[PDB]
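Here are the chains, one letter per residue:
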Amino acid sequence: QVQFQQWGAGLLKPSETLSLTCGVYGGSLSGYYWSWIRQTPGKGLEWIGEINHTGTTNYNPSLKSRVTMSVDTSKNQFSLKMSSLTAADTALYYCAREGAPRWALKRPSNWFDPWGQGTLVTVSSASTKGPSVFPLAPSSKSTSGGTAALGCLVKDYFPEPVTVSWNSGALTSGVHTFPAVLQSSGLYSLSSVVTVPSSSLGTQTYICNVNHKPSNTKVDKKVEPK
Amino acid sequence: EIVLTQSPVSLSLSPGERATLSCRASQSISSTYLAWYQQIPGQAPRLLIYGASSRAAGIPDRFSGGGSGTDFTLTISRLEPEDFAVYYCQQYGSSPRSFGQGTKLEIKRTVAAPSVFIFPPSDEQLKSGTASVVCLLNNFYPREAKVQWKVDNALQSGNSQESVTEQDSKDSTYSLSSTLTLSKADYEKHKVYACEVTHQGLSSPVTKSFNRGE
């Protein structure tokens, strides 16, 4: 029943001030400690800090110089502020509650039980850039026994994420959308592929739909054989 | 800081088998201050066990926890398809609360050779002054595979990036995409572009190549 809604800007420059807030539904803040936990994509979990309904806070010692937390009991919300940001602060940020009640000072903490969803926060000096969508055409060298592979390369965009569909979602089987890679440039590049019957080439249309909200970009790229 | 070292890093098993994951703390901690969380890629962590052995509501009895002092264990008696995810350990006896680096529980299936495809750069990218060549490895197992880019038989280094998808939900295979990026001058300076794939399922490396002006 207890769940979270999170908001706060997710794209910042270094040395800006990150501010995130979670509203709590289905349960009150009073009696519990509430924490922020972050996770770099591909990495593990790092606890940031916790606050109770009276404002008692506890922070990770490796972050206490640039992290504060607030609570708004009238709105049943709590907030995190993080300063002197760097690219290393790019991560998914979660709200969580302790699994059991605990008053303002109890030396050993509890476990986390209800976790909220992870919101991506990106810290970079790069400015928002829409992706270039390049076709990956089926050929002689992308066929194998009646099966032809085609796709699209979503290159030089920032920041994450991008959503990729095939034929506006009517095409799903055999689709592989790959995690993006961060280039030296600070821009992202991803690919989406699909294997189809090679007899379908010439009559069946294959279009890749790429949506990048931060740049307000949506591209419908038709992929045609050789 | 209490460091938590999880073991092993990766674990390939099949549904119906027994899994046991270890959590070692750099210092001795009481069992009441240990927890285990499960995480499927793309979703938030989910509480499995707290206080070393207590199961959170909804968690079946096939999940067991124990240990004391410096060493703790999570045991999945008979593995179900739902159970294949990442597993993290956590201590909350000492500030700050620390997590282990995780253990990945992957479905163990039959060796499958990849289907290797190659894609030259499009004309749209060529007018941008850049050329990217793509090589696709489709539906293979296990995850370990080697991709090598060769331009006129010159092995490439520092000019390519690859990405691997999560383990597929129905055939438990992996797929990999590799991108080789050159300037369009460097790209037009050469003729033969090749992707060489090494994998457990192939009796010899498989090369997919093309020529500029095909």
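Residues numbered from 1 in each chain as written, not as in the entry; some residues may be left out. Chains lettered and ligands numbered in written order. Heavy atoms only, no water.

The record lists X-ray crystallography as the method behind this PDB entry and 2.4200 Å as its resolution.

Enquirer: Please provide a residue-by-residue account of the overall build of chain A, values included.
Expert: Of regular secondary structure, chain A possesses zero helices and 20 strands. Radius of gyration (C-alpha) of chain A: 22 Å, far over the 17 Å computed for a compact globule of 226 residues. Oriented by its inertia axes, the alpha-carbon framework of chain A measures out at about 70 × 35 × 30 Å. Looking at chain A as a whole, 46% of its 226 residues are labelled buried. Of the contacts made within chain A by residues no fewer than 6 positions apart, 59% connect residues no fewer than 24 positions apart. When the accessible surface of chain A is summed, it comes to about 10200 Å², and 49% of that surface belongs to carbon and sulfur atoms. A gap of 3 Å separates the mean positions of the 19 positive and 11 negative side-chain charges of chain A. (Helix = DSSP H or I, 4+ residues; strand = E, 2+ residues; numbered from the N terminus. Rg over C-alpha atoms; globule rule 2.2 N^0.38 Å. Buried < 20%, exposed > 50% of the residue type's maximum accessible area, 1.4 Å probe, protein only. Contact = heavy atoms within 4.5 Å. Areas by Shrake-Rupley, 256 points an atom, 1.4 Å probe, with all protein chains shown as cover. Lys, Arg positive; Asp, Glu negative; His and termini not counted. Charge placed at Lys NZ, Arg CZ, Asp CG, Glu CD.)

Enquirer: For the sheet that holds strand β19 (residues 207–212) of chain A, give the residues involved together with the corresponding values.
Expert: Residue and element names in this part refer to chain A. Here three strands make up an open sheet; going across it, the order is β15-β19-β20 and the pairing antiparallel. Both edges of this open sheet fall to β15 (163–166) and β20 (217–222), since each of them pairs with a single strand only. When strand polarity is set aside, the average angle formed by the axes of neighbouring strands in this sheet is 15°. (Pairing = 2+ DSSP bridges. Axes fitted to C-alpha atoms, helices over the stretch in contact; angles between N-to-C directions.)

Enquirer: How would you sum up the pattern of salt bridges? Please name residues and give values.
Expert: Pairing of side chains with opposite charge becomes possible as their charged atoms draw close. Residues and elements named next belong to chain B. By the definition in use, this model includes 14 salt bridges over all chains. For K104, the salt bridge is made with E166, and the minimal N-O distance between the two is 2.9 Å. Of this pair, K104 sits in strand β11 (residues 103–107) while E166 sits in the loop between β16 (160–164) and β17 (174–183); the two residues are 62 residues apart in sequence, bridging distant segments of the chain. Note that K150 and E196 form a salt bridge whose closest N and O atoms lie 3.4 Å from each other. Note that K150 is positioned in strand β14 (residues 145–151) and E196 in strand β18 (residues 192–199), a separation of 46 residues in sequence. (Salt bridge = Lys/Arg side-chain N within 4 Å of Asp/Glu carboxyl O.)

Enquirer: Lay out the nonpolar core with the relevant residues and their values.
Expert: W115 of chain A together with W36 and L105 of chain B are the most contacted members of the largest nonpolar core, which has 43 residues in total. Once you skip the residues sitting within four places of it in the chain, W36 of chain B turns out to touch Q6, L21, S22, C23, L47, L48, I49, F72, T73, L74, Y88 and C89 of chain B. Judged by nonpolar contacts, the second largest core, of 24 residues, contains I48, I51, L80 and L85 of chain A. (Core = buried A, V, L, I, M, F, W, Y, C linked by side-chain atoms within 4.5 Å.)

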